[PDB]
Every structure is written in C-alpha cells, then in structure tokens.
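Enquirer: This is start_36.txt, which holds compact mmCIF, C-alpha atoms and all ligand atoms:
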```
# COMPACT_ATOMS: atom_id res chain seq x y z
CA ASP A 1 0.00 0.00 0.00
CA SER A 2 0.88 3.77 0.13
CA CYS A 3 0.69 3.90 4.01
CA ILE A 4 2.91 5.96 6.38
CA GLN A 5 3.99 4.30 9.63
CA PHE A 6 4.49 5.66 13.16
CA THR A 7 7.70 3.97 14.40
CA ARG A 8 6.92 4.23 18.17
CA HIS A 9 3.24 3.11 17.93
CA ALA A 10 3.69 -0.58 18.92
CA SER A 11 5.97 0.33 21.90
CA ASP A 12 3.46 3.07 23.02
CA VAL A 13 0.53 0.57 22.78
CA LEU A 14 2.44 -1.99 24.91
CA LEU A 15 3.39 0.71 27.49
CA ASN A 16 -0.32 1.64 27.79
CA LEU A 17 -1.38 -2.04 28.11
CA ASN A 18 1.16 -2.38 30.98
CA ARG A 19 -0.33 0.80 32.61
CA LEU A 20 -3.83 -0.80 32.40
CA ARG A 21 -2.41 -3.98 33.99
CA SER A 22 -0.74 -1.94 36.84
CA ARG A 23 -4.07 -0.14 37.53
CA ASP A 24 -6.03 -3.49 37.20
CA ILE A 25 -8.13 -2.04 34.32
CA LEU A 26 -10.09 -4.55 32.19
CA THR A 27 -7.94 -7.52 33.38
CA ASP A 28 -10.11 -10.57 32.61
CA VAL A 29 -8.17 -13.58 33.94
CA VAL A 30 -6.28 -14.74 37.02
CA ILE A 31 -3.33 -17.10 36.42
CA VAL A 32 -2.64 -19.27 39.50
CA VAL A 33 0.94 -20.56 39.95
CA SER A 34 0.74 -22.59 43.20
CA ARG A 35 0.13 -20.10 46.11
CA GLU A 36 0.44 -16.99 43.86
CA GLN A 37 -2.17 -15.21 41.68
CA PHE A 38 -1.41 -12.97 38.68
CA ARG A 39 -4.05 -10.80 36.98
CA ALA A 40 -3.66 -10.15 33.23
CA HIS A 41 -5.44 -9.51 29.90
CA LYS A 42 -6.23 -12.74 27.97
CA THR A 43 -5.37 -11.00 24.65
CA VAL A 44 -1.84 -10.03 25.77
CA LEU A 45 -1.19 -13.56 27.12
CA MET A 46 -2.37 -15.10 23.79
CA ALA A 47 -0.27 -12.64 21.71
CA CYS A 48 2.91 -13.69 23.66
CA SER A 49 2.53 -17.40 24.48
CA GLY A 50 1.73 -20.43 22.34
CA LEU A 51 0.26 -22.13 25.44
CA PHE A 52 -2.17 -19.22 26.21
CA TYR A 53 -3.04 -18.93 22.50
CA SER A 54 -4.12 -22.63 22.57
CA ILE A 55 -6.03 -22.18 25.90
CA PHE A 56 -8.02 -19.11 24.98
CA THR A 57 -8.91 -20.35 21.42
CA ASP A 58 -10.49 -23.46 23.00
CA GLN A 59 -14.33 -23.14 23.02
CA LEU A 60 -14.61 -24.23 26.71
CA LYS A 61 -11.47 -22.65 28.21
CA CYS A 62 -11.91 -19.21 26.55
CA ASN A 63 -14.71 -18.58 29.15
CA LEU A 64 -12.69 -19.35 32.31
CA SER A 65 -11.69 -16.43 34.60
CA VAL A 66 -9.10 -18.59 36.44
CA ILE A 67 -6.31 -20.76 34.91
CA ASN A 68 -4.18 -23.04 37.13
CA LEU A 69 -0.69 -23.74 35.81
CA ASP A 70 1.25 -27.02 36.38
CA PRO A 71 2.53 -27.22 40.05
CA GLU A 72 6.14 -27.58 38.79
CA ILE A 73 6.02 -23.96 37.50
CA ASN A 74 7.96 -21.49 39.61
CA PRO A 75 5.95 -18.29 40.47
CA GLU A 76 9.07 -16.04 40.21
CA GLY A 77 9.81 -17.47 36.71
CA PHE A 78 6.20 -16.78 35.71
CA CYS A 79 6.34 -13.21 37.17
CA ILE A 80 9.54 -12.43 35.14
CA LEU A 81 7.88 -13.72 31.94
CA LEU A 82 4.61 -11.84 32.56
CA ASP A 83 6.68 -8.61 33.02
CA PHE A 84 8.48 -9.45 29.71
CA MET A 85 5.13 -9.88 27.90
CA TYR A 86 4.02 -6.38 28.93
CA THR A 87 7.37 -4.57 28.59
CA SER A 88 9.78 -6.44 26.15
CA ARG A 89 12.35 -6.47 29.04
CA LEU A 90 13.53 -9.76 30.53
CA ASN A 91 15.08 -9.75 34.03
CA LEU A 92 17.44 -12.67 33.36
CA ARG A 93 19.90 -13.47 36.21
CA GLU A 94 22.23 -16.39 37.11
CA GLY A 95 19.86 -17.21 40.03
CA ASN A 96 16.67 -17.35 37.93
CA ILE A 97 17.76 -18.44 34.39
CA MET A 98 16.91 -22.14 34.88
CA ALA A 99 13.38 -21.36 36.24
CA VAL A 100 12.83 -18.71 33.50
CA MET A 101 13.87 -21.11 30.68
CA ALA A 102 11.70 -23.98 32.09
CA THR A 103 8.70 -21.60 32.37
CA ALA A 104 9.27 -20.19 28.81
CA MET A 105 9.40 -23.76 27.42
CA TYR A 106 6.06 -24.57 29.17
CA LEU A 107 4.45 -21.28 27.99
CA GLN A 108 5.86 -21.77 24.45
CA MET A 109 7.73 -18.42 24.21
CA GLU A 110 10.37 -19.44 21.58
CA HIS A 111 12.40 -16.15 21.57
CA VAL A 112 12.87 -16.29 25.38
CA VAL A 113 13.85 -20.02 25.23
CA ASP A 114 16.41 -19.01 22.51
CA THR A 115 18.12 -16.28 24.63
CA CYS A 116 18.19 -18.53 27.77
CA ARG A 117 19.87 -21.35 25.78
CA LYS A 118 22.52 -18.86 24.49
CA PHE A 119 23.27 -17.42 28.00
CA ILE A 120 23.54 -20.99 29.45
CA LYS A 121 25.88 -22.08 26.56
CA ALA A 122 28.16 -19.03 27.28
CA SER A 123 28.52 -20.11 30.97
CA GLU A 124 29.63 -23.69 30.01
CA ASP B 1 17.52 -2.61 36.16
CA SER B 2 19.90 -5.20 34.54
CA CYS B 3 17.23 -6.36 31.97
CA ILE B 4 17.81 -7.40 28.31
CA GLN B 5 15.22 -6.29 25.75
CA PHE B 6 13.79 -7.99 22.65
CA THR B 7 13.60 -5.21 20.02
CA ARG B 8 10.78 -6.77 17.90
CA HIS B 9 8.54 -7.80 20.86
CA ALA B 10 6.08 -4.83 20.79
CA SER B 11 5.66 -5.07 16.96
CA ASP B 12 5.14 -8.90 17.23
CA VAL B 13 2.52 -8.42 20.02
CA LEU B 14 0.62 -5.86 17.89
CA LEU B 15 0.78 -8.15 14.79
CA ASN B 16 -0.75 -10.98 16.89
CA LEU B 17 -3.47 -8.68 18.31
CA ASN B 18 -4.37 -7.74 14.69
CA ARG B 19 -4.50 -11.50 13.79
CA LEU B 20 -6.94 -12.05 16.73
CA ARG B 21 -9.04 -9.13 15.46
CA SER B 22 -9.08 -10.57 11.85
CA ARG B 23 -10.20 -13.99 13.21
CA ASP B 24 -12.75 -12.27 15.60
CA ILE B 25 -11.03 -13.86 18.65
CA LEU B 26 -11.89 -12.37 22.08
CA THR B 27 -13.26 -9.12 20.53
CA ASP B 28 -15.44 -7.64 23.30
CA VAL B 29 -17.02 -4.50 21.81
CA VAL B 30 -18.82 -3.31 18.69
CA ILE B 31 -18.24 0.33 17.67
CA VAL B 32 -21.18 1.69 15.62
CA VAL B 33 -20.43 4.55 13.18
CA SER B 34 -23.85 5.26 11.59
CA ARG B 35 -24.79 2.21 9.39
CA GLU B 36 -21.42 0.44 9.96
CA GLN B 37 -20.24 -1.86 12.80
CA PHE B 38 -16.61 -2.52 13.78
CA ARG B 39 -15.57 -5.26 16.22
CA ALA B 40 -12.47 -4.65 18.37
CA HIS B 41 -10.72 -5.30 21.70
CA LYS B 42 -11.53 -2.65 24.37
CA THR B 43 -7.91 -2.76 25.63
CA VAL B 44 -6.41 -1.92 22.21
CA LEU B 45 -8.93 0.94 21.71
CA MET B 46 -8.06 2.37 25.18
CA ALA B 47 -4.28 2.04 24.57
CA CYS B 48 -4.61 4.12 21.31
CA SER B 49 -7.37 6.69 21.93
CA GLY B 50 -7.93 9.23 24.70
CA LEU B 51 -11.70 9.03 24.00
CA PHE B 52 -11.83 5.19 24.41
CA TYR B 53 -9.57 5.40 27.48
CA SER B 54 -12.15 7.78 29.09
CA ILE B 55 -15.12 5.57 28.00
CA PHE B 56 -13.81 2.25 29.22
CA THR B 57 -12.48 3.64 32.58
CA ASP B 58 -16.02 4.90 33.35
CA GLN B 59 -17.74 2.56 35.88
CA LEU B 60 -21.00 2.38 33.81
CA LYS B 61 -19.62 2.43 30.24
CA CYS B 62 -16.85 -0.16 30.83
CA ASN B 63 -19.66 -2.82 30.80
CA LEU B 64 -21.24 -1.90 27.45
CA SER B 65 -20.74 -4.27 24.47
CA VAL B 66 -21.90 -1.59 21.97
CA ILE B 67 -20.65 2.04 21.65
CA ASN B 68 -22.36 4.47 19.24
CA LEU B 69 -20.12 7.25 17.93
CA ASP B 70 -21.32 10.80 17.02
CA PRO B 71 -23.32 10.73 13.68
CA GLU B 72 -20.88 13.28 12.16
CA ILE B 73 -18.10 10.63 12.23
CA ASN B 74 -17.25 9.17 8.84
CA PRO B 75 -17.10 5.30 8.84
CA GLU B 76 -14.17 5.24 6.32
CA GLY B 77 -12.19 7.65 8.57
CA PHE B 78 -12.91 5.39 11.55
CA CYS B 79 -11.91 2.24 9.58
CA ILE B 80 -8.53 3.84 8.59
CA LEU B 81 -7.85 4.78 12.24
CA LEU B 82 -8.87 1.35 13.58
CA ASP B 83 -6.42 -0.25 11.06
CA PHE B 84 -3.73 2.21 12.31
CA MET B 85 -4.36 1.20 15.95
CA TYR B 86 -3.73 -2.46 15.13
CA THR B 87 -0.87 -2.03 12.62
CA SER B 88 0.97 1.38 13.11
CA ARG B 89 0.24 2.08 9.39
CA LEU B 90 -1.98 4.99 8.37
CA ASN B 91 -3.60 4.95 4.90
CA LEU B 92 -3.56 8.74 4.47
CA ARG B 93 -4.74 10.01 1.03
CA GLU B 94 -5.78 13.39 -0.46
CA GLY B 95 -9.39 12.05 -0.63
CA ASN B 96 -9.59 10.96 3.02
CA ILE B 97 -7.23 13.30 4.97
CA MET B 98 -9.98 15.70 6.14
CA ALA B 99 -12.22 12.83 7.43
CA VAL B 100 -9.19 11.08 9.03
CA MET B 101 -8.04 14.27 10.84
CA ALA B 102 -11.62 15.05 12.07
CA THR B 103 -12.00 11.45 13.33
CA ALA B 104 -8.53 11.51 15.04
CA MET B 105 -9.44 14.80 16.79
CA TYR B 106 -12.72 13.21 18.07
CA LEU B 107 -10.92 9.98 19.17
CA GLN B 108 -8.07 12.01 20.76
CA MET B 109 -5.18 10.39 18.81
CA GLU B 110 -2.64 13.29 19.07
CA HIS B 111 0.14 11.74 16.87
CA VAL B 112 -2.31 11.17 13.97
CA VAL B 113 -3.74 14.72 14.33
CA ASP B 114 -0.08 15.98 14.19
CA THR B 115 0.79 14.18 10.89
CA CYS B 116 -2.54 15.25 9.25
CA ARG B 117 -1.88 18.91 10.16
CA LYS B 118 1.65 18.66 8.62
CA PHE B 119 0.39 17.04 5.35
CA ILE B 120 -2.39 19.70 5.05
CA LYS B 121 0.14 22.55 5.70
CA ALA B 122 2.42 21.15 2.89
CA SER B 123 -0.51 21.30 0.38
CA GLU B 124 -1.25 25.01 1.17
CA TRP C 1 6.48 8.93 10.86
CA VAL C 2 8.32 7.00 8.06
CA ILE C 3 7.78 5.31 4.68
CA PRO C 4 7.60 1.61 5.80
CA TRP D 1 18.10 -8.98 22.07
CA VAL D 2 19.88 -5.74 23.21
CA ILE D 3 21.01 -3.83 26.31
CA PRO D 4 18.16 -1.23 26.59
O1 LIG E 201 6.69 -18.59 20.86
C1 LIG E 201 5.52 -18.33 20.57
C2 LIG E 201 4.79 -17.03 20.84
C3 LIG E 201 3.42 -17.29 20.30
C4 LIG E 201 2.28 -16.50 20.23
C5 LIG E 201 1.17 -16.96 19.53
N1 LIG E 201 0.12 -16.05 19.35
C6 LIG E 201 -0.74 -15.94 18.32
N2 LIG E 201 -0.38 -16.51 17.17
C7 LIG E 201 -1.12 -16.21 16.11
CL1 LIG E 201 -0.61 -16.94 14.63
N3 LIG E 201 -2.17 -15.42 16.02
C8 LIG E 201 -2.48 -14.80 17.17
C9 LIG E 201 -1.79 -15.02 18.34
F1 LIG E 201 -2.17 -14.40 19.46
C10 LIG E 201 1.15 -18.27 19.02
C11 LIG E 201 2.27 -19.09 19.14
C12 LIG E 201 3.40 -18.58 19.77
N4 LIG E 201 4.65 -19.17 19.96
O1 LIG E 202 -3.49 10.79 21.87
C1 LIG E 202 -3.73 10.02 22.80
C2 LIG E 202 -3.56 8.52 22.79
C3 LIG E 202 -4.02 8.12 24.17
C4 LIG E 202 -4.10 6.89 24.80
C5 LIG E 202 -4.41 6.83 26.15
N1 LIG E 202 -4.31 5.58 26.77
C6 LIG E 202 -3.97 5.28 28.03
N2 LIG E 202 -3.31 6.22 28.72
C7 LIG E 202 -2.80 5.84 29.88
CL1 LIG E 202 -1.92 7.07 30.73
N3 LIG E 202 -2.82 4.66 30.46
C8 LIG E 202 -3.43 3.71 29.73
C9 LIG E 202 -4.00 3.97 28.52
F1 LIG E 202 -4.63 2.98 27.85
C10 LIG E 202 -4.78 8.00 26.84
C11 LIG E 202 -4.76 9.23 26.20
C12 LIG E 202 -4.35 9.28 24.86
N4 LIG E 202 -4.19 10.38 24.02
CL CL E 203 9.12 -15.07 23.19
CL CL E 204 -1.99 8.70 17.73
```
In structure tokens, write the structure found in this file.

Expert:
Amino acid sequence: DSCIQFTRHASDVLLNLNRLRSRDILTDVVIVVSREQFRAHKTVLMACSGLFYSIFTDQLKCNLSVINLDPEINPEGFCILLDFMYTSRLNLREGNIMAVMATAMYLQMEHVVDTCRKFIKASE
Amino acid sequence: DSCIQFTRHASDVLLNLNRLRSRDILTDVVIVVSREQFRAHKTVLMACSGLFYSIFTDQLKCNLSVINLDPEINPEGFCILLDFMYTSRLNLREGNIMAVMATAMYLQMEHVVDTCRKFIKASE
Amino acid sequence: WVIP
Amino acid sequence: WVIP
C-alpha cells in the first residue's frame, strides 16, 4: 500500500497495556501458579505465548476467569515472563535463568527459550 | 535494572493482536459509526485513543458491548484509524485526509492529528 | 512517521 | 536482544 507508519506506535501501545495492567483495568483472567495469583489480559497472554493462544482459542477454556498452571512452574519465573510480555524487558539473572527457561518452554515463548539457551551455553 | 530487551517484541505483540481481530477472537465490543459496525478489543482501543480510554475507565460504560459514535463521524475515517491502531500504518490520502483528521481529533489520537496537520500545511 |  |  501507500501507508505511512508511526515507528513508536507498537511500543506506546504496549506501554499503555502495561499501565492498564498496573491499575487493574479490564484484566479478565487470574493465572494461578501454586500459592500466587497474577491478573492479566487474555489477549496479551495469547499474543505472547503459544500455550495461552491454545487455551483461549479453546471453546470451553476461553470462558474461564481462572487458569491453574502445572505445580512444577515457579511463580518467580512466571512473574519475570509476565513482566516481559508487557514490557519487552527480561530480568534474566544467574539465580533465575533455569526457572525462566523452564517456564518459557512450558508457555511456548520461543524467543525467550532461545536467549536462555545462548546465556547458558556461554557459561559452560 | 539489569534487563535485556527484545527489540521486535512490541511489533510482534501488535501483529498478533491484529490477527486475533481478523479472526474475531476475544473481541469484546462493537463500535457503531452510523450504518457500519466494527468489532475490536476494548484494551487496544483504550491504549490508542484518549476518547476510548475515558469511555472504558467509566464505571458504567466499561460494561457496554456496543458504543455508538457521534453521527458526524465518517465510517471510512474510523476504519482507517482502527487499522492504524492495530498495525501502526496509516492509509492517508488526499481524498480521506480531512475525514481522518476530524476522526482523530474526536478519538483524541494526538500523533495522527499531528501528521494530518503537517500534510495539510504542505498542500497550502 | 516514516515510509515503511 | 539488546542492552536497553
Ligand atoms: O513462541 C511463541 C509465541 C506465540 C504466540 C502466539 N500467538 C498468536 N499466534 C497467532 Cl498466529 N495469532 C495470534 C496469536 F495471538 C502463538 C504461538 C506462539 N509461539
Ligand atoms: O493521543 C492520545 C492517545 C491516548 C491513549 C491513552 N491511553 C492510556 N493512557 C494511559 Cl496514561 N494509560 C493507559 C491507557 F490505555 C490515553 C490518552 C491518549 N491520548
Ligand atoms: Cl518469546
Ligand atoms: Cl496517535
């Protein structure tokens, strides 16, 4: 087409979606990871994770307001990945990299799994 | 912080939100612009427009599944702006610029209003 | 704004 | 990936 494009638009949209999340505005699901609860927008979760895309395109699961993750999932790992979904920034540290990579494999976040594998390879 | 950042994340999220819109997945509002209807996600509309941010943060309006816009709003102008919200690309043409600018002023999309004003100034 |  |  003959369109013009605003370079910062996608980043500005994501920043505003994170502001809605902070202020608990129009959050429509609670993700339970053992004793912890995380509120989020189903659309953002689906746009970032192959697992959430599969869950919320299912005719029965799309209607649930609570999703319980596998008990092996670490809540800190999930928290770091949820922050990544809403900000593009990943708080990857020596003390959390194994939990983050395991969580990203479960959530089907291929780009995160890729950077974790590279950081682990560099340490070996 | 000591975060790493994935450059293409925000653009990839927006591309996936537009794919959900195309496939009518988890759309939760219909915007009516005279005889036309447009389905969208309330969160994307709020992240892009000062008018939708004000509507969906209102305790009564946040619950509506249908929003009727002012009859003076042109449906083509709205369609072009909705496509911009989900893609960052604005289909601005000599034949639609006045309707697009009027619609962006009504929706409170300051960056769009800014580019329309500049393109109009260049023609004078 | 840019030409994409 | 980059250092922001
Ligand atoms: O690593 C990843 C990240 C990821 C996100 C999605 N998300 C969606 N995919 C499509 Cl094609 N349309 C809409 C979506 F919300 C699917 C698979 C995967 N795998
Ligand atoms: O030209 C514009 C575009 C625009 C979008 C928003 N959106 C939100 N603003 C905030 Cl601070 N938090 C969450 C949001 F969804 C408000 C005002 C305006 N004015
Ligand atoms: Cl990813
Ligand atoms: Cl704008």

Enquirer: Quote the spacing between CA of residue 3 (chain D) and CA of residue 4 (chain B) in Å to one decimal place.

Expert: 5.2 Å

Enquirer: Which residues are close to residue 90 (chain B), i.e. within 7 Å by only C-alpha atoms, leaving aside same-chain residues fewer than 5 positions away? Reply as a ChimeraX atom specification.

Expert: /A:3-5 /B:80,84

Enquirer: What are the closest atom pairs, with distances in Å to one decimal, for all residues of chain B lying within 12 Å of ligand CL 203 (chain E)? Consider only C-alpha atoms and all ligand atoms, order rows by chain and residue number, and present the result as CSV.

Expert:
```
residue,atom,partner,partner_atom,distance
B:5,CA,E:CL203,CL,11.0
B:6,CA,E:CL203,CL,8.5
B:7,CA,E:CL203,CL,11.3
B:8,CA,E:CL203,CL,10.0
B:9,CA,E:CL203,CL,7.7
B:10,CA,E:CL203,CL,10.9
B:12,CA,E:CL203,CL,9.5
B:13,CA,E:CL203,CL,9.9
```

Enquirer: Write the selection just made, keeping C-alpha atoms, as a PDB file, in the coordinates of the input?

Expert:
```
ATOM      1  CA  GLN B   5      15.220  -6.290  25.750  1.00  0.00           C
ATOM      2  CA  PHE B   6      13.790  -7.990  22.650  1.00  0.00           C
ATOM      3  CA  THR B   7      13.600  -5.210  20.020  1.00  0.00           C
ATOM      4  CA  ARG B   8      10.780  -6.770  17.900  1.00  0.00           C
ATOM      5  CA  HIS B   9       8.540  -7.800  20.860  1.00  0.00           C
ATOM      6  CA  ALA B  10       6.080  -4.830  20.790  1.00  0.00           C
ATOM      7  CA  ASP B  12       5.140  -8.900  17.230  1.00  0.00           C
ATOM      8  CA  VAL B  13       2.520  -8.420  20.020  1.00  0.00           C
TER       9      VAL B  13
END
```

Enquirer: Just give me the gap between CA of residue 71 (chain A) and CA of residue 95 (chain A) in Å, one decimal is fine.

Expert: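 Between CA of residue 71 (chain A) and CA of residue 95 (chain A) the gap works out to 20.0 Å.
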
Enquirer: I need the contact residues of chain B against chain A, so if you could list those with any atom within 9 Å, counting all atoms listed in the file, and return them as a ChimeraX atom specification, that would help.

Expert: /B:1-17,20,25-26,41-44,46-48,56-57,62,84-93,111-112

Enquirer: What is the CA of residue 65 (chain B)-CA of residue 28 (chain A) distance in Å, reported with one decimal?

Expert: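 CA of residue 65 (chain B) sits 14.8 Å away from CA of residue 28 (chain A).
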
Enquirer: Quick one: residues within 10 Å of (-9.3, 5.4, 11.6) (file frame), counting all atoms listed in the file, please, as JSON, numbers by chain.

Expert: {"B": [74, 75, 76, 77, 78, 79, 80, 81, 82, 83, 84, 85, 90, 91, 92, 99, 100, 101, 102, 103, 104, 107, 109, 112]}

Enquirer: Nearest residue to chain C out of B:60, B:32, B:116, B:69, using only C-alpha atoms?

Expert: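 When distances to chain C are compared using only C-alpha atoms, the smallest one comes from B:116.
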
Enquirer: Quick one: chain D with N, CA and C atoms, as a compact mmCIF listing (two decimals), keeping the file's coordinate frame?

Expert:
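Output file result.txt follows:
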```txt
# COMPACT_ATOMS: atom_id res chain seq x y z
N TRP D 1 18.04 -9.44 20.69
CA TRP D 1 18.10 -8.98 22.07
C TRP D 1 19.19 -7.91 22.19
N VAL D 2 18.94 -6.87 23.00
CA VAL D 2 19.88 -5.74 23.21
C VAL D 2 19.92 -5.33 24.68
N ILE D 3 20.91 -4.49 25.02
CA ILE D 3 21.01 -3.83 26.31
C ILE D 3 20.16 -2.56 26.11
N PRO D 4 19.01 -2.42 26.81
CA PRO D 4 18.16 -1.23 26.59
C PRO D 4 18.78 0.05 27.13
```
